[PDB]
Amino acid sequence: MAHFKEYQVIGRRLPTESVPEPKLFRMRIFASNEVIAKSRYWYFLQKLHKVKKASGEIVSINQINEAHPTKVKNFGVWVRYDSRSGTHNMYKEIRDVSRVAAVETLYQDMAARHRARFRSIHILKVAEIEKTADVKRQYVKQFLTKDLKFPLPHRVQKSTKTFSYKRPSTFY
Amino acid sequence: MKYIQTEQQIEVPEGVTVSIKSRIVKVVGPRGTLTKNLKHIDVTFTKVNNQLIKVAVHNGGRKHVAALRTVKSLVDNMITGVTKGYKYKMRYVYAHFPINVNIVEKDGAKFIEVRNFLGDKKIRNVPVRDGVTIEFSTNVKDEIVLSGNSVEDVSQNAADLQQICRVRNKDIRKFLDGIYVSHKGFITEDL
Amino acid sequence: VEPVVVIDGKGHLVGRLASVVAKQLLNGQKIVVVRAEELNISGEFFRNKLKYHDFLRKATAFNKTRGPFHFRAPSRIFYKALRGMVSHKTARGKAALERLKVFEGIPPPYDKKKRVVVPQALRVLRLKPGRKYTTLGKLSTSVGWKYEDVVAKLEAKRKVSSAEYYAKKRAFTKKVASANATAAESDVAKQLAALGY
Amino acid sequence: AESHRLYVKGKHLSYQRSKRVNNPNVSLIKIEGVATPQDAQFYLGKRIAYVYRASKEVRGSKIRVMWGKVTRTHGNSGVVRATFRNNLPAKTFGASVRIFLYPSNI
Amino acid sequence: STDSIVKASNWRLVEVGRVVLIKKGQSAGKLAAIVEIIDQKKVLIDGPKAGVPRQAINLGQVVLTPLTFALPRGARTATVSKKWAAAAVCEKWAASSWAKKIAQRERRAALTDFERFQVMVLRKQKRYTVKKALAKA
RNA sequence: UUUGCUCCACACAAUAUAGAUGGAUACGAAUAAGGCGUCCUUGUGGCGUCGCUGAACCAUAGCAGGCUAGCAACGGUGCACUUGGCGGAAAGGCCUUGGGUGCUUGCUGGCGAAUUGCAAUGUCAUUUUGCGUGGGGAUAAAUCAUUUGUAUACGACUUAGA
RNA sequence: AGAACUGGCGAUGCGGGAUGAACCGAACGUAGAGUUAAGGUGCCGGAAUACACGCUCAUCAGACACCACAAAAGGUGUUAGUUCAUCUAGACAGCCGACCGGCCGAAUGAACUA
RNA sequence: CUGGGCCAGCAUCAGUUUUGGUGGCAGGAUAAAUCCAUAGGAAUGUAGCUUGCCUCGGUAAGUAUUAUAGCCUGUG
Ligand SMILES: [Mg+2]
Ligand SMILES: [Mg+2]
Ligand SMILES: [Mg+2]
Ligand SMILES: [Mg+2]
Ligand SMILES: [Mg+2]
Ligand SMILES: [Mg+2]
Ligand SMILES: [Mg+2]
Ligand SMILES: [Mg+2]
Ligand SMILES: [Mg+2]
Ligand SMILES: [Mg+2]
Ligand SMILES: [Mg+2]
Ligand SMILES: [Mg+2]
Ligand SMILES: [Mg+2]
Ligand SMILES: [Mg+2]
Ligand SMILES: [Mg+2]
Ligand SMILES: [Mg+2]
Ligand SMILES: [Mg+2]
Ligand SMILES: [Mg+2]
Ligand SMILES: [Mg+2]
Ligand SMILES: [Mg+2]
Ligand SMILES: [Mg+2]
Ligand SMILES: [Mg+2]
Ligand SMILES: [Mg+2]
Ligand SMILES: [Mg+2]
Ligand SMILES: [Mg+2]
Ligand SMILES: [Mg+2]
Ligand SMILES: [Mg+2]
Ligand SMILES: [Mg+2]
Ligand SMILES: [Mg+2]
Ligand SMILES: [Mg+2]
Ligand SMILES: [Mg+2]
Ligand SMILES: [Mg+2]
Ligand SMILES: [Mg+2]
Ligand SMILES: [Mg+2]
Ligand SMILES: [Mg+2]
Ligand SMILES: [Mg+2]
Ligand SMILES: [Mg+2]
Ligand SMILES: [Mg+2]
Ligand SMILES: [Mg+2]
Ligand SMILES: [Mg+2]
Ligand SMILES: [Mg+2]
Ligand SMILES: [Mg+2]
Ligand SMILES: [Mg+2]
Ligand SMILES: [Mg+2]
Ligand SMILES: [Mg+2]
Ligand SMILES: [Mg+2]
Ligand SMILES: [Mg+2]
Ligand SMILES: [Mg+2]
Ligand SMILES: [Mg+2]
Ligand SMILES: [Mg+2]
Ligand SMILES: [Mg+2]
Ligand SMILES: [Mg+2]
Ligand SMILES: [Mg+2]
Ligand SMILES: [Mg+2]
Ligand SMILES: [Mg+2]
Ligand SMILES: [Mg+2]
Ligand SMILES: [Mg+2]
Ligand SMILES: [Mg+2]
Ligand SMILES: [Mg+2]
Ligand SMILES: [Mg+2]
Ligand SMILES: [Mg+2]
Ligand SMILES: [Mg+2]
Ligand SMILES: [Mg+2]
Ligand SMILES: [Mg+2]
Ligand SMILES: [Mg+2]
Ligand SMILES: [Mg+2]
Ligand SMILES: [Mg+2]
Ligand SMILES: [Mg+2]
Ligand SMILES: [Mg+2]
């Protein structure tokens, strides 16, 4: 929950004399390190099957790099989150060059406008938007148009000397 | 959500000049010349040709974008007024006491005078705003047309007159006495 | 660096100009602020007005004469914000405030002196566009500052003489670069640019 | 010539302190041109001198000098800590100090 | 006149093939080009000739230059490096006062003490010529 | 009424310093815009150019900056006068003439420096005040006591007296 | 007002909470140097007017545990989100000859959540 | 002129420490990417081509999958 990584985390119930070879289960977990991701895993699995971490074991944990990290993508993001008075589901769209960068900006948005801290957010699904025109949210659509050019008016240049000898300009 | 570009256009009819620098708009036309100071809005004017100007707002919010269109409307009315011009008409409506309206001047002033309103002995006086002209009508009873190239000056100068007789202390539903704006229109291109 | 720094108050932001001036003094920098009436405050005139009236509200009940003193002029409206950021009830702070001067308009010694600007206190650089901001002198006059027009009247007059001064100054820098022509192509020229001048 | 200065200009800002308690045994110094602790590492170890005047004479002169060395770096803005043989008078806050070029590792 | 004049402040645009100067980074000081847009802040830059990798940069750490060159949206590093040099952006850049000044100061800050000396000996000589030829016409 | 008074000159001893050490280096205005060069029916005008920091500009070499001989400049700069203007926001400063004189590293020569011994030591600034000398200029009041009542608890107030 | 368990105050300074018996941090011979805790780093005031994404304009905005209060109920302020209905079998606004048609060419209507 | 005592600088070390530059290694999808090769595909559809434009400068429609721009996806 700092600067984000994706992990394939594979774990299983402990084997018993009754049942050797219990089924492996995999989750993709967005976390800041392996200790959180491993812990994050058991959090959801205890929300799904009957397992504790005490009763189970983790088979593998592996980082997942973006396959096309310099390729701009449009992402669908499905989020469940508790709010102050209730817990609800959301679809958001994020345009970025990886899933990590997109989850990185996902949690900020859920913090900024919904006041939702990490602990109160589940990421249900994050997938790439296959085509354009399947893009729903309009704040992404603006940057999908053909031959897209815009200015950046009112340039403010950080100074260094604390006194400056001319009236500055913003002209860019 | 901060839209990245939104713009509107301003029709510039044949034989009208529009000079806009440092967001100070000048509009020269057949009727005269009008200016406006738009410095109080961030907006960007582009002149596409002598008949067309665009007003753009880059990466605007909902409230910023709202100011865009009204810039266009403000320049537009500046244009239509320097060409067609504006004409505002009013009607004295009085149930008993005739509302006595004239034009009077004090030290090169020219105020509109209002006498006998609702039986008053007081004399109401509204200054005639600069550049707006007052003429009473021959063929309609109780008219006093107000006309000029600025909607804003003609409309207010009308409403200065309209308000100065408001019937205080009586039921307004019953006492409808006053001078109300009957018709809004143009000087030329009919009316 | 420099013995004294003249700051043009115009188009700056009160609290941020105060903050940078205070440290200067505490660090030994002599300062003078000019055109304090063209200084700005964030927030629209009504707000920063009402804000003043709260300040105006407070006075020592039994004697208004010992109560908080409400100074109207912009330079003083500024000095309060500054003196509030200096520890002024001690000897150090007293000394530091002695290093500061503030004037509305720009009076004779400083009128011919070079004036600087403090970018992080500057309004246009700092405030987001569309945010409303008050002009100090106009607010200062609404609370009873009596000198606004005179300051403006003399400011307009000064701006004339400064214009003409600049007219001569520029025309000379013309005649300096005019006669600089032949040396711009000279051999000592190429000599100098080789080393960067 | 017209300028004889072999030192970098400086300023005595404060003692080392927490919010409510100071430590005269160390002084914080602002150096001209030094905006980052990167830059201030160059002046680490250098000799500083506070120069002041008096009434009585030492040898033929009413001028005296307090000596100290730049010790470590202070914060992100290029301030420097320093320690003088005797602590600086604390009236000295906001007074010029002189940071020399020796000992030199250039 | 009746020409209906309007002053439209002309901005450097975020667009594809805007060449752009990195302020902060290991890539700082280098030029680079905008391959694609992400949002109002992030863009996708490739610096191939100057050494700048392909990457998402915030528009803050970059300063738009006046220079543009034709580039298709999303071009991979290879074709960026082609149309770049095919457009001679590096050659246009260095011809600018902007570029030329960044060089000029670097030279100055590279000067040694003896070179600092020589500059004054030359400047005094250039000073004599000028102050004499000022007092001409 | 013992020594007075003030101004100027450069002269010794005291006196204090919120802190000299190349230089505080003057348009106005705008920032969703401007600066400068240029052009001219002088304009909300045309063309060109710049920004992206003063990382500038000016200054800067010579025993703390000595001695001496020249070349090329007709310039640069200091100081002591001199002619005019402009400056009232706290103008007490700014521009200017005129000569005189000192230096000049723009350039070419001839001499000196040490041992202050491997850093501690260093240029003397800048405020008040007292002795002094050299000339310039000026020659009062006020309080007390008395006195008035337009004043007054006492002071204070307000009048009057060569 | 009165019990349980532990930790404390009392009997204890120190750093933090401006202020403070009990909170946070840490408990104390005399000292030097280093590093930190809790808490902070515009200025008072030691420490980035640091970097980053958003939100917020309040005619008492807000600003950090204990802590020095505010509730139900409203808001066509603005922000994100949900649901249902309509829409390329071309709707919804708009101009053109209730309803229909031509042009347009991608959204629209309502109820909601925080 | 030399003693001892003191104070200071530098060097060579010792203990605590702080802040740079730099070399060589190991793991991972034996990083993922660029890059290269191979198969395919699409559109925020590049070159062409019919359509009417044409002040033949513009041409927006229909086609049109690399052509006179490129991109995406698989494999290696
Ligand atoms: Mg790990
Ligand atoms: Mg189950
Ligand atoms: Mg789902
Ligand atoms: Mg619920
Ligand atoms: Mg969906
Ligand atoms: Mg969003
Ligand atoms: Mg939950
Ligand atoms: Mg800067
Ligand atoms: Mg500057
Ligand atoms: Mg300035
Ligand atoms: Mg009006
Ligand atoms: Mg009644
Ligand atoms: Mg009533
Ligand atoms: Mg206030
Ligand atoms: Mg006090
Ligand atoms: Mg003053
Ligand atoms: Mg008063
Ligand atoms: Mg009052
Ligand atoms: Mg000590
Ligand atoms: Mg001690
Ligand atoms: Mg040592
Ligand atoms: Mg001692
Ligand atoms: Mg000691
Ligand atoms: Mg964004
Ligand atoms: Mg005497
Ligand atoms: Mg004293
Ligand atoms: Mg002009
Ligand atoms: Mg220009
Ligand atoms: Mg300059
Ligand atoms: Mg000579
Ligand atoms: Mg001469
Ligand atoms: Mg001379
Ligand atoms: Mg002279
Ligand atoms: Mg003064
Ligand atoms: Mg004078
Ligand atoms: Mg005088
Ligand atoms: Mg002369
Ligand atoms: Mg009596
Ligand atoms: Mg009496
Ligand atoms: Mg009496
Ligand atoms: Mg109890
Ligand atoms: Mg219990
Ligand atoms: Mg406890
Ligand atoms: Mg105890
Ligand atoms: Mg305790
Ligand atoms: Mg305490
Ligand atoms: Mg508290
Ligand atoms: Mg405490
Ligand atoms: Mg606890
Ligand atoms: Mg304070
Ligand atoms: Mg600080
Ligand atoms: Mg906190
Ligand atoms: Mg509270
Ligand atoms: Mg209470
Ligand atoms: Mg509330
Ligand atoms: Mg509520
Ligand atoms: Mg709401
Ligand atoms: Mg509603
Ligand atoms: Mg809504
Ligand atoms: Mg649909
Ligand atoms: Mg609509
Ligand atoms: Mg809807
Ligand atoms: Mg060691
Ligand atoms: Mg490898
Ligand atoms: Mg091949
Ligand atoms: Mg085609
Ligand atoms: Mg091919
Ligand atoms: Mg493409
Ligand atoms: Mg591969």
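Procedures and definitions
- Residues numbered from 1 in each chain as written, not as in the entry; some residues may be left out.
- Chains lettered and ligands numbered in written order.
- Part of a larger assembly, values for the part shown.
- Heavy atoms only, no water.
- UniProt positions renumbered as here; feature names shortened; annotations may be inferred.
- 1 Å grid on protein atoms, 1.4 Å probe; cavity = no way out; pocket = protein on both sides within 12 Å on 5 of 7 lines; lining within 4 Å.
- Points joined across faces, edges and corners; volume = space filled by probe spheres on them.
- Helix = DSSP H or I, 4+ residues; strand = E, 2+ residues; numbered from the N terminus.
- Domains from an automatic or database assignment.
- Contact = heavy atoms within 4.5 Å.
- Buried area = accessible area lost by both parts, 1.4 Å probe.
- Salt bridge = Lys/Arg side-chain N within 4 Å of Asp/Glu carboxyl O.
- Polar contact = N/O pair within 3.5 Å; in protein donor to acceptor, adjacent residues only side chain to side chain.
- Nonpolar A, V, L, I, M, F, W, Y, C, P; charged D, E, K, R; others polar.
- Near = heavy atom within 4 Å.
- Patch = residues over 30% accessible without salt bridge, like charges linked within 9 Å, V, L, I, M, F, W, Y side chains within 5 Å.
- Areas by Shrake-Rupley, 256 points an atom, 1.4 Å probe, with all protein chains shown as cover.
- Buried < 20%, exposed > 50% of the residue type's maximum accessible area, 1.4 Å probe, protein only.

- Where the PDB entry is consulted, chain C appears under the name 60S ribosomal protein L16-A, with the organism given as Saccharomyces cerevisiae.
- The record deposited in the PDB is entitled "Crystal structure of Paromomycin bound to the yeast 80S ribosome".
- A UniProt comment under Subcellular location is attached to chain C, and it reads "Cytoplasm".
- The record in UniProt for chain C states the following under Sequence similarities: "Belongs to the universal ribosomal protein uL13 family."

- Per the PDB entry, the recorded name for chain A is 60S ribosomal protein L20-A, and the organism is Saccharomyces cerevisiae.
- Turning to chain A, the UniProt annotation filed under Subcellular location states: "Cytoplasm".
- What UniProt records for chain A under Sequence similarities is the sentence "Belongs to the eukaryotic ribosomal protein eL20 family."

1. A look at the layout of surface pockets
- Within this model, the second largest pocket holds a volume of roughly 2000 Å³.
- Lining the second largest pocket are 47 residues, and of these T160(A), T162(A), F163(A), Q24(C) and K30(D) lie nearest its centre.
- Looking at the lining of the second largest pocket, the elements that each hand over two or more residues are α1 (14–26) and α6 (123–126) of chain C together with β1 (7–17), β2 (22–31), β3 (47–53) and β6 (95–100) of chain D.
- Ranked by residue count, the leading element in the lining of the second largest pocket is β1(D), at 5 residues.

2. What about the domain arrangement of chain A?
Residue and element names in this part refer to chain A.
- The assigned domain composition of chain A is domain 1 (3–69) and domain 2 (70–146).
- Taking the mean C-alpha position of each, domain 1 and domain 2 sit 23 Å from one another.
- In this complex, domain 1 contributes 13 residues to the contact, which on the side of domain 2 involves 12 residues.
- It is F4, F30 and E66 that lose the most area in domain 1 upon contact with domain 2, and together they represent 48% of the buried surface on that side.
- On inspection of domain 1 and its partner domain 2, the count reaches 2 salt bridges.
- A salt bridge links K73 to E66; the shortest N-O distance between them is 3.5 Å.
- The interface formed by domain 1 and domain 2 includes 7 residue pairs in polar contact.
- Those elements giving two or more residues to the side of domain 1 that touches domain 2 turn out to be β1 (5–13), β2 (25–31) and α1 (34–45).
- For the side of domain 1 that touches domain 2, the element with the highest residue contribution is α1, accounting for 3 residues.
- Of the residues that constitute the side of domain 1 that touches domain 2, the class distribution is 5 nonpolar, 2 polar and 6 charged.

3. Re the arrangement of the chains
- Counting contacts across all 7 pairs of chains found in contact, the highest total belongs to chains A and E.
- Across the gap from chain B to chain D, with no contact made, the nearest C-alpha atoms are 35 Å apart.
- No interface is formed between chain D and chain E, the nearest pair of C-alpha atoms being 13 Å apart.

4. Side note on the protein's contact with RNA strand F
- By nearness alone, 107 residues border RNA strand F, and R155(A), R158(C), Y166(C), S96(D) and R127(E) come closest of all.
- The sugar and phosphate moieties of RNA strand F supply 49% of its atoms located within 4 Å of the protein.
- Here a base nitrogen of RNA strand F and a side-chain polar atom of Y50(D) are 3.3 Å apart.
- When its residues are assigned to classes, the surface near RNA strand F shows 40 nonpolar, 22 polar and 45 charged.

5. As for a nonpolar patch on the surface
Residues and elements named next belong to chain D.
- A cluster of nonpolar side chains, contributed by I63, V65, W67 and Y102, occupies part of the molecular surface with about 350 Å² of accessible area.
- Within the secondary structure, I63 sits in strand β4 (residues 63–74).
- Given the relative accessible area of 38%, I63 is considered partly exposed.

6. Thoughts on the pattern of salt bridges
- Under the definition given, this model contains 37 salt bridges over all chains.
- For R129(B), the salt bridge identified is with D160(B), shortest N-O distance 3.0 Å. Here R129(B), found in the loop between β10 (124–127) and β11 (133–135), pairs with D160(B), found in helix α2 (residues 151–164); they are 31 residues apart in sequence, far enough to count as distant.
- Judged by relative accessible area, which is 33%, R129(B) ranks as partly exposed.
- With a closest N to O distance of 3.3 Å, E155(C) and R35(C) form a salt bridge. Here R35(C) lies in the loop between β2 (30–34) and β3 (40–42) and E155(C) lies in helix α8 (residues 148–184), a separation of 120 residues in the sequence. For the residue pair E155(C) and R35(C), the accessibility class agrees, reading buried in each case.

7. Let's talk about the environment of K2(B)
- Positionally, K2(B) belongs in the segment before β1 (3–11).
- Overall, the relative accessible area of 47% leaves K2(B) in the partly exposed class.
- In this structure, the C-alpha to C-alpha distance between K2(B) and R23(B), residues 21 residues apart in sequence, is 23 Å.
- Residue contacts for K2(B): discarding those within four places in its chain leaves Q142(A), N59(B), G60(B) and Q40(E).

8. Considering the protein's contact with RNA strand H
- Around RNA strand H, a shell composed of 28 residues is seen, among which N62(A), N65(A), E66(A), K71(A) and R76(E) lie nearest.
- Taking the atoms of RNA strand H that fall within 4 Å of the protein, sugar and phosphate contribute 82% of them.
- Note that a phosphate oxygen of RNA strand H is positioned 3.0 Å from one of the backbone N or O atoms of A78(E).
- Between RNA strand H and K82(E) there is a distance of 3.0 Å, counted from a phosphate oxygen to a side-chain nitrogen or oxygen.
- Secondary structure elements with two or more residues in the surface near RNA strand H: β3 (56–63) of chain A together with α1 (77–87) of chain E.
- Considering every element that reaches the surface near RNA strand H, the biggest residue donor is α1(E), with 5 residues.
- Looking at the surface near RNA strand H residue by residue, the class counts come to 8 nonpolar, 10 polar and 10 charged.

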